[PDB]
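To start, the structure under review is shown below, and the notes come after it.
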Amino acid sequence: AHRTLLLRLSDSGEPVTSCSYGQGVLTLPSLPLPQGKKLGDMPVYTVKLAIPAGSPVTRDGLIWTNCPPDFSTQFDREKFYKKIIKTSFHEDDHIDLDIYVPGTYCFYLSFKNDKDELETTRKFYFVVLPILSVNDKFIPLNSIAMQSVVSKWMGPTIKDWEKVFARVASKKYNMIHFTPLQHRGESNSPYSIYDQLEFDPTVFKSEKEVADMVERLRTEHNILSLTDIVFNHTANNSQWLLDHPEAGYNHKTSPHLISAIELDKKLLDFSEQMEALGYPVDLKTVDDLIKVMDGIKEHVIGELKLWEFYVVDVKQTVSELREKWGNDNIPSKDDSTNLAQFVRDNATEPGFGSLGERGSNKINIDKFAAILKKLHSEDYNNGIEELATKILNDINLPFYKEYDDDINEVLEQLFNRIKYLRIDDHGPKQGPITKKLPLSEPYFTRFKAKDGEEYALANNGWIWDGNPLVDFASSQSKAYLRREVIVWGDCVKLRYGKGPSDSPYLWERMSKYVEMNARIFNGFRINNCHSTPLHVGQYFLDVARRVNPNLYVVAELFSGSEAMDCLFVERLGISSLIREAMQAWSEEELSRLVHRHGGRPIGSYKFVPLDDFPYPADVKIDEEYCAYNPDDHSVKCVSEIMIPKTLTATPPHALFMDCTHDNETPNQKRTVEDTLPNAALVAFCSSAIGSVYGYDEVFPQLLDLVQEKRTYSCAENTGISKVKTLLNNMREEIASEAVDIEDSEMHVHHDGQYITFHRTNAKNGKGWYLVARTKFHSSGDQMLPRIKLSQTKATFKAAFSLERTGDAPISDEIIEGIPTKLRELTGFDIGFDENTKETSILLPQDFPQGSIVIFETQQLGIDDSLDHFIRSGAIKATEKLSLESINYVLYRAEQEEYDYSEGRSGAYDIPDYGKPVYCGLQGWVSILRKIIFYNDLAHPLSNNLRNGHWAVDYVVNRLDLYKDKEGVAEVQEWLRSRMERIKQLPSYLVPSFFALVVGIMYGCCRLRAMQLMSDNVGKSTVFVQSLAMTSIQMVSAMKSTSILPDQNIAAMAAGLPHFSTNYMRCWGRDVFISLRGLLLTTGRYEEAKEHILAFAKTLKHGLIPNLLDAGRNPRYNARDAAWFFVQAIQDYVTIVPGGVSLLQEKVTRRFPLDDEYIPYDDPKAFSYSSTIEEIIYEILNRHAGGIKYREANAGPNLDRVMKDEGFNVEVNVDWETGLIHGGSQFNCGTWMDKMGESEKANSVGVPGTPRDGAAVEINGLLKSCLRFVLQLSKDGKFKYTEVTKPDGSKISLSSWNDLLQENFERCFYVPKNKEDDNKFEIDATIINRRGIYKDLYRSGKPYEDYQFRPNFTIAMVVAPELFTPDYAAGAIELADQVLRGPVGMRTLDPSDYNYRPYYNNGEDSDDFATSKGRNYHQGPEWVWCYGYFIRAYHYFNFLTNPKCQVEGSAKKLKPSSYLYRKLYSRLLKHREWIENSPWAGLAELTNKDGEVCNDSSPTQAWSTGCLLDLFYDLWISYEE
């Protein structure tokens, strides 16, 4: 059915962590194959790789992976396959990795660098666990009970072994771990193997014998099997070690140990001659042990040549010097020792500073002459002897000090270990000399080979602390020399190299040894895996997995850190890590160990796709979460939306051993009674568990793996066997339903000698409660407090006490255990309050140390059908939503909610935190995303969610205000029914289920939006869809305002929250700048029409107003609005199908045509009907014919700081140029309309940026309007070409169009060369940078004409014909370098003297430029200008730079990856902003260089709509 996981990658190809579970590994969940199918019938898993659109990796990017393409292909580690990344700037690309067989797979990405070079990412591994079945019943990996048994002590025959099998089968273990079942060596240690390719001839002969015994275990006792595999060493007496001695580190293969060889055999030569030498041998004399090796200083050290291994032979070099004296970096005595080291780095020969031969380090005498020729006496006798001798002696000064530090560690390590082995340090074991025991532990197992030579391999062991990853036998280490090796004489080196080329027979023999056990057993076990080299373990485990595809791997892995552990688990394919419960020194350490492997906290948050995922409109869905069948064994999606289960790093699985075959007995470390609680605490952990044989049967002491020959007793059902039968059988009931990490929860408590373990299943509410009194020591009576479980019922399951009945039987042929009584306990009182639904549990006074009690518990209100009810129905509930109604479910600012609630409601106040930014689900999701990611159950929202049901009912009771709107009623009922069911749960579970219901409904709403919008939005990246959701944030119906004076309908707000209510909401300039991005790009055609019709009614003076008071008394101080309005009409007709129908739409006009007064009530309002066709011409003709007025109701009651002359602004056209002028020095007719008001700074009524005269945007939009109506008349959709002049003259629209074409660039452009200043009208006394397009033509203050501002880019976008390309490309490149901030566009050139980029509206200081906000447009970085900027930056770079073009499919020149990369880099700060903002949008304004402006509006309509304009450009022109 559906076995697909989603693996999202970053912009650098790295996998993204959906949750923070800690340092982990991309492990895929162990699940049964679909019923009936077997390996190969279908992909076991499919990893969906998600690559971000436009990321640098997509540039000629390839997905490499070592995953076989099909089941027929064998797995090769280093054979990677190619996958083509489908590059797009809008849509992410998904690439499936079909996996047919378990193993270790990895992937990396190759792409074209920014340097046009090739680059590669890291290799990223993910493991697919094996499928463990016994007959035809699936064994989940975390339900494994492993009994580790040792072959030596199981008996003589196979039938004597099957007696042990029947005993562990009664204890209901399902896996047996075999110590190496092979031929042992001269020590009978199970880990020193004679020949790895034959089994113990005492027990088995052929492979068939051991293989049939294993298959008998599977069939008769339902028990699987695995074995220890030894890679690091072999026995010291192997007949194949005589044939192939190069398999170990010898003087040929590893020459550096030659010095260590001659020191080890300098002790096997002294330990035998230890009568007269070292005369007091076994005399236990601490005050004479000095003398014991004070003579060794001369017995070995003095007889080892002062060690020429380091030191250059001084006189044998002067001999070699005189021998061959005939054949500008030179120092002198002035660099005393640099002269010496000059030879060390310029005159030494291949192999210096290198341990190997006795005379390995030497000198190059043939070029020593050429160097010494450019020196002193060209004749040796003259004292060059002593000179070179000192030069050489100076060279050997560091080697001598390297020697003294070496020797000190050689003997300091000796007189410290000699003590412990024999002398009573803490563990005594005396002994003088022999061959069984010597003086020095053997360091180099020596023998004679079949080639006749006397070889010298060595043993292996473990240094105390030494990277536990380096080879002490390798040349990098000096441990065998300085005697820093704790050796095992039983075992001998195994020298693997960089591959099979360094030791061919060793790699070939271990290959057939590994695959021999892989044919038989279900898996392996690797002791000291951290010491086996990585490339060695990877190869042989891959060979094993080719034989046994379901190979289960256990490893005792204690590397340097958790990261190194995860890397080994990643690459090797380890399926389980060994944890030892006996390592806990105290009760607190045991509860902490139990805490790590117990599970997740109770009431943990559940993952959900939120506002960080793409929501493709064309997505498959489980309409009622019902397309699942239990026999399919599919991994389930989170909700009705079929976004597959996420693949995230999880901690490597664990196999918790209450006691291994290497650690001491409970009897030894603690007491015998601790065997019962220590095993119960381990068995309650949500992982794999195991135990050594004898732990359950309470053997007295740890069995010596080397010496002991006694056999396991046949005494059945001793000690814990009865309890382990109960525990293992209980875990078999649980294993059927528990699946993933979010599905098993835990609470663990430690109170003195008691440890509480509460195991809970998060799906059904079932659980187990374990009370375990530990017996680390007999430490007096201790009473445990009353146990209180909230909203839970408890049931007694079982209870036991373990008591010691005397000491252990002493025998010489059986290993018998300490007698133990197993008494069942009673007295536990379980009280249940039928009101508070609280269960109390009291322990009885007869509960001695070493006892346990188990309860079956069930959380109230939870059943198996809860998860289905919460995850279903939400899509059908959103079926009737609309792009308007979604605004009331997801957003609504607090002021927006007061509008509907008359100021009673508002946003929920989270105590100790505050209120969510929106009232709807977005306000919750913005807070919940970080909470779920970190499982922050301590967050104030998490605390409040379990403290009461207030937030639960707040989500449902809000929608009573908007119940009548489309689809809101059914959305509320879904929330009502689900939240009602949630309140019936225990309090501590409410937060997890609250965030689950909210996220599910939020996802269904966000998907509903993408479906209602157009394809370009509904198929794009998260960033584009996040931008598009701002359209829903701003378009809402209100009560206190609207866009129509008669009705309350949807109205685009300027920004939230401060531009949302009353007249502060609608602004004509803001509406029509954002109309194309928020409404046309998204597909809201009918809503964009309503806004055009609404403002068309409010035309006066031939001008569209900025401040719209819903069409009653609007403010007409906007010289910009009318041209953004007539441009939006052009954008409407260009995009909307059948958009020319808008021109003949008839709006009821309002204030009379003759620029009359204010009669909203007088019947002269609903009077002269006007079509959009005549409204456009009414604007074009009224500007040309001349306008002269003073604002209606002029006086303070409109602008109480504007001056008397400021109220009479006006406008007309200079017909020698054809462009529009207007404004004055007391004006603010443009978008930079900050009016001063500071009385302490003396600026009341002074505008900060009046833009009088020819504005670039107005003239650019005018040219766009003229070009629009000209082609419109060509198609018979515009009747008019006559334009009246104040006198009465007439000019055709084409002539006015050509006038700007001939004169616009002439007036505004400032040429780079001083030569052509005589053509572009420039007074060079007032100029700053050339190559710039002007900001204003003939303004009041002429220096404001030649200022670098982002406004000229509006003209470049709407009227590109006005620009010669080379001038426009160079001018916008300067803006990229000078005026472009990270998110906003600098409103004024930083090099200017008026540049103040910090905006503070409350400043009272006496600064004329900064006080009370005059800076508003003189430095601050605005985000919407960035949209118009990057739109033209894309356009003119695409036309100018040849690097920005590449071949177009079917011959249509498209942009290049070079340009897409430059566009993508400039939007990263925007995608970051909308990602990490409580308001899901972009700010209106930003202080200098990205600094947050507190006074800026957090989400603005035209800040995002201008970015959506860019994406629509790239889509509508290329993506066809």
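The chains in the structure tokens are called A, B, ... from first to last as shown; in each chain the residues are counted from 1, and the ligands are counted from 1 in the order shown.
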
**Q.** Residues flagged strand (DSSP E or B) by DSSP in region 35-88 of chain A, as a PyMOL selection string
**A.** chain A and resi 45-51+62-65+81+84

Q: Identify all residues of region 1305-1466 of chain A in alpha helix (DSSP H) (DSSP on the backbone) and supply them as a VMD selection string.
A: chain A and resid 1305 to 1308 1352 to 1358 1365 to 1378 1424 to 1440 1457 to 1465

Would you output that residue set with N, CA and C atoms, as a compact mmCIF listing (two decimals), in the first residue's frame?
```
# COMPACT_ATOMS: atom_id res chain seq x y z
N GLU A 1305 13.62 59.84 -20.64
CA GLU A 1305 15.01 59.51 -20.33
C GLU A 1305 15.91 60.73 -20.42
N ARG A 1306 15.54 61.71 -21.24
CA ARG A 1306 16.36 62.91 -21.38
C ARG A 1306 16.34 63.75 -20.11
N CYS A 1307 15.20 63.79 -19.42
CA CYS A 1307 15.08 64.65 -18.25
C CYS A 1307 15.62 63.99 -16.99
N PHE A 1308 15.44 62.68 -16.85
CA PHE A 1308 15.74 62.01 -15.59
C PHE A 1308 17.13 61.38 -15.55
N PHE A 1352 12.58 55.16 -8.85
CA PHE A 1352 12.70 55.06 -10.30
C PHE A 1352 12.44 53.65 -10.80
N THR A 1353 12.59 52.64 -9.94
CA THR A 1353 12.41 51.26 -10.37
C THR A 1353 10.95 50.94 -10.68
N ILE A 1354 10.01 51.68 -10.11
CA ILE A 1354 8.60 51.49 -10.46
C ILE A 1354 8.38 51.79 -11.94
N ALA A 1355 9.03 52.84 -12.44
CA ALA A 1355 8.91 53.17 -13.86
C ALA A 1355 9.57 52.11 -14.73
N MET A 1356 10.72 51.58 -14.29
CA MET A 1356 11.39 50.53 -15.05
C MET A 1356 10.48 49.31 -15.22
N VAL A 1357 9.68 49.00 -14.20
CA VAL A 1357 8.81 47.83 -14.26
C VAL A 1357 7.62 48.10 -15.18
N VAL A 1358 6.93 49.22 -14.97
CA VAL A 1358 5.67 49.46 -15.67
C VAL A 1358 5.86 50.05 -17.06
N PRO A 1365 18.59 49.99 -22.67
CA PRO A 1365 18.95 48.91 -21.73
C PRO A 1365 20.26 49.13 -20.98
N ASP A 1366 21.31 49.59 -21.66
CA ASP A 1366 22.61 49.73 -21.00
C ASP A 1366 22.55 50.76 -19.87
N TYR A 1367 21.77 51.82 -20.04
CA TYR A 1367 21.62 52.81 -18.97
C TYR A 1367 20.84 52.23 -17.80
N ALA A 1368 19.79 51.47 -18.08
CA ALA A 1368 18.96 50.92 -17.01
C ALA A 1368 19.69 49.82 -16.25
N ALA A 1369 20.44 48.98 -16.96
CA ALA A 1369 21.16 47.89 -16.29
C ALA A 1369 22.22 48.43 -15.34
N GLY A 1370 23.00 49.42 -15.79
CA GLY A 1370 24.01 50.00 -14.92
C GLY A 1370 23.42 50.79 -13.77
N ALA A 1371 22.27 51.42 -13.98
CA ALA A 1371 21.65 52.20 -12.92
C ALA A 1371 21.07 51.30 -11.83
N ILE A 1372 20.48 50.17 -12.22
CA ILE A 1372 19.93 49.25 -11.22
C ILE A 1372 21.02 48.43 -10.56
N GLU A 1373 22.21 48.34 -11.17
CA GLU A 1373 23.33 47.68 -10.51
C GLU A 1373 23.87 48.53 -9.37
N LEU A 1374 23.86 49.86 -9.54
CA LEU A 1374 24.23 50.75 -8.44
C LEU A 1374 23.25 50.62 -7.29
N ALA A 1375 21.96 50.53 -7.59
CA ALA A 1375 20.96 50.35 -6.53
C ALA A 1375 21.16 49.02 -5.81
N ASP A 1376 21.60 47.99 -6.54
CA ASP A 1376 21.89 46.71 -5.89
C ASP A 1376 23.05 46.84 -4.91
N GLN A 1377 24.02 47.70 -5.23
CA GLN A 1377 25.19 47.83 -4.37
C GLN A 1377 24.98 48.84 -3.25
N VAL A 1378 24.12 49.83 -3.46
CA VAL A 1378 24.02 50.97 -2.57
C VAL A 1378 22.68 51.01 -1.83
N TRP A 1424 8.50 46.73 0.18
CA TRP A 1424 7.76 46.65 -1.08
C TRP A 1424 8.60 47.15 -2.25
N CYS A 1425 9.42 48.19 -2.02
CA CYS A 1425 10.31 48.67 -3.08
C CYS A 1425 11.29 47.58 -3.50
N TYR A 1426 11.60 46.65 -2.60
CA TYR A 1426 12.44 45.51 -2.95
C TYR A 1426 11.79 44.66 -4.04
N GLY A 1427 10.47 44.52 -3.99
CA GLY A 1427 9.74 43.78 -5.00
C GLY A 1427 9.87 44.40 -6.37
N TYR A 1428 9.51 45.69 -6.48
CA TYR A 1428 9.70 46.40 -7.74
C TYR A 1428 11.17 46.43 -8.15
N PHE A 1429 12.08 46.49 -7.18
CA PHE A 1429 13.51 46.49 -7.50
C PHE A 1429 13.92 45.17 -8.15
N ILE A 1430 13.65 44.05 -7.48
CA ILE A 1430 14.12 42.76 -7.98
C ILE A 1430 13.35 42.35 -9.23
N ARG A 1431 12.15 42.88 -9.44
CA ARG A 1431 11.43 42.62 -10.69
C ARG A 1431 12.17 43.22 -11.88
N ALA A 1432 12.65 44.46 -11.74
CA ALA A 1432 13.40 45.09 -12.81
C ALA A 1432 14.86 44.64 -12.83
N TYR A 1433 15.42 44.32 -11.66
CA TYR A 1433 16.76 43.74 -11.62
C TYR A 1433 16.79 42.44 -12.41
N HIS A 1434 15.73 41.64 -12.32
CA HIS A 1434 15.62 40.44 -13.13
C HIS A 1434 15.45 40.79 -14.61
N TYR A 1435 14.64 41.80 -14.91
CA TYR A 1435 14.29 42.09 -16.30
C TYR A 1435 15.49 42.63 -17.07
N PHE A 1436 16.20 43.61 -16.51
CA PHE A 1436 17.27 44.26 -17.27
C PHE A 1436 18.56 43.45 -17.25
N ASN A 1437 18.81 42.67 -16.20
CA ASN A 1437 19.93 41.73 -16.26
C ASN A 1437 19.66 40.63 -17.28
N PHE A 1438 18.40 40.25 -17.46
CA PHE A 1438 18.05 39.25 -18.46
C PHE A 1438 18.25 39.78 -19.87
N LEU A 1439 18.11 41.09 -20.06
CA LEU A 1439 18.29 41.66 -21.39
C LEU A 1439 19.75 42.02 -21.65
N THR A 1440 20.45 42.47 -20.61
CA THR A 1440 21.80 43.03 -20.78
C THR A 1440 22.87 41.94 -20.73
N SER A 1457 20.89 29.74 -15.05
CA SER A 1457 21.08 29.41 -13.64
C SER A 1457 21.90 30.47 -12.93
N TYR A 1458 22.75 31.20 -13.66
CA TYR A 1458 23.51 32.29 -13.07
C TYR A 1458 22.58 33.39 -12.55
N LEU A 1459 21.51 33.69 -13.29
CA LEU A 1459 20.58 34.73 -12.86
C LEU A 1459 19.64 34.22 -11.77
N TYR A 1460 19.09 33.02 -11.95
CA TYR A 1460 18.25 32.43 -10.92
C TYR A 1460 18.98 32.35 -9.59
N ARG A 1461 20.29 32.07 -9.62
CA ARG A 1461 21.08 32.03 -8.40
C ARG A 1461 21.18 33.42 -7.77
N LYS A 1462 21.38 34.45 -8.59
CA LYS A 1462 21.44 35.81 -8.06
C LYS A 1462 20.09 36.26 -7.52
N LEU A 1463 18.99 35.84 -8.15
CA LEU A 1463 17.67 36.16 -7.61
C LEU A 1463 17.41 35.40 -6.31
N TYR A 1464 17.82 34.13 -6.25
CA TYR A 1464 17.55 33.31 -5.07
C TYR A 1464 18.29 33.85 -3.85
N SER A 1465 19.53 34.31 -4.04
CA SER A 1465 20.31 34.82 -2.91
C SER A 1465 19.64 36.03 -2.26
```

(Q) My list of candidates is A:299, A:123, A:823, A:530. Which is closest to residue 276 (chain A) when distances are computed with only C-alpha atoms? (A) A:299

Q | region 870-878 of chain A environment, 8 Å, only C-alpha atoms, sequence neighbours closer than 3 positions dropped, as a PyMOL selection string | A | chain A and resi 623-625+638-640+866-867+881+967-968+970-971+974+978+997+1000-1001+1004-1005+1008

Q: Considering only C-alpha atoms, return as a PyMOL selection string whatever protein or nucleic-acid residues lie within 10 Å of residue 1028 (chain A), sequence-local ones (same chain, fewer than 6 positions apart) excluded.
A: chain A and resi 1009-1010+1013+1017-1018+1022+1077-1079+1081-1082+1481+1504-1505+1507-1508

Let me see the file: selected residues, C-alpha atoms, as a short mmCIF file (atom, residue, chain, number, x, y, z; two decimals), in the first residue's frame.
```
data_model
loop_
_atom_site.label_atom_id
_atom_site.label_comp_id
_atom_site.auth_asym_id
_atom_site.auth_seq_id
_atom_site.Cartn_x
_atom_site.Cartn_y
_atom_site.Cartn_z
CA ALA A 1009 -6.53 27.84 0.46
CA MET A 1010 -4.03 26.42 -2.05
CA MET A 1013 -6.01 29.64 -5.46
CA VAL A 1017 0.56 29.24 -5.94
CA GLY A 1018 -0.90 25.83 -5.12
CA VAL A 1022 6.63 26.84 1.32
CA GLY A 1077 0.44 40.25 -6.07
CA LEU A 1078 -2.16 39.39 -3.46
CA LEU A 1079 -5.27 39.07 -5.67
CA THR A 1081 -1.25 36.23 -8.77
CA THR A 1082 -3.31 34.18 -6.29
CA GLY A 1481 4.27 37.81 6.96
CA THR A 1504 4.51 40.72 0.42
CA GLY A 1505 2.44 41.48 -2.69
CA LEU A 1507 7.42 39.76 -3.81
CA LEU A 1508 4.54 37.75 -5.28
#
```

All residues 9 Å or closer to residue 1382 (chain A), only C-alpha atoms, same chain fewer than 3 positions away omitted, as an mmCIF file with N, CA, C and O atoms, in the first residue's frame:
```
data_model
loop_
_atom_site.group_PDB
_atom_site.id
_atom_site.type_symbol
_atom_site.label_atom_id
_atom_site.label_comp_id
_atom_site.auth_asym_id
_atom_site.auth_seq_id
_atom_site.Cartn_x
_atom_site.Cartn_y
_atom_site.Cartn_z
ATOM 1 N N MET A 1385 14.385 48.100 1.111
ATOM 2 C CA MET A 1385 15.067 48.940 0.134
ATOM 3 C C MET A 1385 15.323 50.309 0.751
ATOM 4 O O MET A 1385 14.383 50.975 1.199
ATOM 5 N N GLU A 1421 14.604 51.168 5.370
ATOM 6 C CA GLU A 1421 14.542 50.179 4.301
ATOM 7 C C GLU A 1421 13.123 49.629 4.218
ATOM 8 O O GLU A 1421 12.647 48.976 5.153
ATOM 9 N N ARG A 1466 18.977 36.859 -3.053
ATOM 10 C CA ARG A 1466 18.374 38.090 -2.560
ATOM 11 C C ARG A 1466 17.005 37.878 -1.929
ATOM 12 O O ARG A 1466 16.395 38.851 -1.471
ATOM 13 N N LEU A 1467 16.513 36.642 -1.889
ATOM 14 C CA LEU A 1467 15.248 36.323 -1.245
ATOM 15 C C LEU A 1467 15.417 35.440 -0.019
ATOM 16 O O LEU A 1467 14.419 35.108 0.629
ATOM 17 N N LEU A 1468 16.649 35.049 0.315
ATOM 18 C CA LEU A 1468 16.873 34.234 1.505
ATOM 19 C C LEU A 1468 16.477 34.984 2.771
ATOM 20 O O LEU A 1468 15.851 34.412 3.670
ATOM 21 N N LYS A 1469 16.835 36.267 2.859
ATOM 22 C CA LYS A 1469 16.477 37.056 4.032
ATOM 23 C C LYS A 1469 14.970 37.249 4.145
ATOM 24 O O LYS A 1469 14.450 37.411 5.253
ATOM 25 N N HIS A 1470 14.256 37.233 3.018
ATOM 26 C CA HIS A 1470 12.802 37.323 3.064
ATOM 27 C C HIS A 1470 12.180 36.012 3.521
ATOM 28 O O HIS A 1470 11.261 36.013 4.349
ATOM 29 N N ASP A 1489 20.221 48.223 7.689
ATOM 30 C CA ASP A 1489 20.910 46.939 7.554
ATOM 31 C C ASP A 1489 20.223 45.838 8.361
ATOM 32 O O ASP A 1489 20.855 45.106 9.124
ATOM 33 N N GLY A 1490 18.908 45.724 8.183
ATOM 34 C CA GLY A 1490 18.156 44.633 8.763
ATOM 35 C C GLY A 1490 17.714 44.815 10.197
ATOM 36 O O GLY A 1490 16.950 43.979 10.694
#
```

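For the residues A:1239, A:1214, A:484, A:1315, ranking by smallest atom-to-atom distance to residue 1338 (chain A) using only C-alpha atoms places A:1214 first.
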